[PDB]
Every structure is written in C-alpha cells, then in structure tokens.
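Some notes on the structure that comes next.
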2 protein chains.
Amino acid sequence: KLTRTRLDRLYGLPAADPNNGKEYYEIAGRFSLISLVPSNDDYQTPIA
Amino acid sequence: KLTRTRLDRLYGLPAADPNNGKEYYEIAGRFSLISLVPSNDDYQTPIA
C-alpha cells in the first residue's frame with residue numbers, strides 16, 4: 001500500500017531506492033564452461 | 001614462458017631482461033701470471 005495516493009498494493013520495485021541503507025546484493029553460483037583452447041600443444045619444441 | 005601464446009616450457013635465458021633490475025654480477029676467483037720483462041745486463045736493476 002502506498003500512502004496519500006490512489007494506487008495501492010505495489011507488486012514490484014519502484015524507482016525510488018533499493019539502497020535501503022545496505023551495501024550490496026550477493027548471489028552465489030558455479031560456472032560450467034566448455035570452450036576451445038589452443039594453449040596445450042606441447043610438441044612443437046626444439047630438440048633437447 | 002610467454003602469456004596467452006601457444007608457447008611454454010622454453011629453456012634458456014632470453015634477451016628480454018637479463019638483469020632482473022640488479023646492478024652487477026659478483027664473481028670472484030684466483031688468478032696467476034708469469035710474464036717477463038726485457039731486463040738489462042745487470043742484476044740490481046729490475047724494471048717496474
């Protein structure tokens with residue numbers, strides 16, 4: 001509920017302030033990345 | 001090694017920075033020398 005207005009029961013974030021006197025937002029996770037790499041060709045080296 | 005390059009495990013000192021930001025290289029050791037002089041006929045007079 002907003003006050004002194006006609007719109008009521010906000011469902012979501014307005015554009016006023018999410019800072020709220022706090023510092024950050026934290027999200028945890030783990031990647032699973034598959035890609036192509038050229039940096040493990042260990043044969044083209046000089047003799048001895 | 002060279003970063004982000006298909007190149008690794010190089011053996012041998014390159015010409016990039018052979019001094020590590022230092023000043024000199026301390027090497028000590030013995031030394032011998034048996035040189036001669038065109039001395040005169042007499043014996044009391046050597047040459048400096």
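Each chain in the structure tokens gets a letter, A, B, ..., in the order shown, and its residues are numbered from 1; ligands are numbered from 1 in order too.
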
Output the contact residues of chain A with respect to chain B at a cut-off of 12 Å, based on only C-alpha atoms, as a list in words.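 Interface list for chain A against chain B: residues 37, 38, 39, 40, 41, 42, 43, 44, 45, 46, 47 and 48 of chain A.
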
Taking every C-alpha atom in sequence order, what RMSD do you get when chain B is least-squares fitted onto chain A?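 RMSD over all C-alpha atoms: 5.3 Å.
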
Suppose you want the space between CA of residue 2 (chain A) and CA of residue 15 (chain A); what is it in Å?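 Going from CA of residue 2 (chain A) over to CA of residue 15 (chain A), I get 13.8 Å.
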
CA of residue 12 (chain A) to CA of residue 27 (chain A), straight-line distance in Å: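 Interatomic distance here is 19.4 Å.
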
Calculate how many Å separate CA of residue 13 (chain A) from CA of residue 25 (chain A), rounding to one decimal.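 CA of residue 25 (chain A) lies at a distance of 14.8 Å from CA of residue 13 (chain A).
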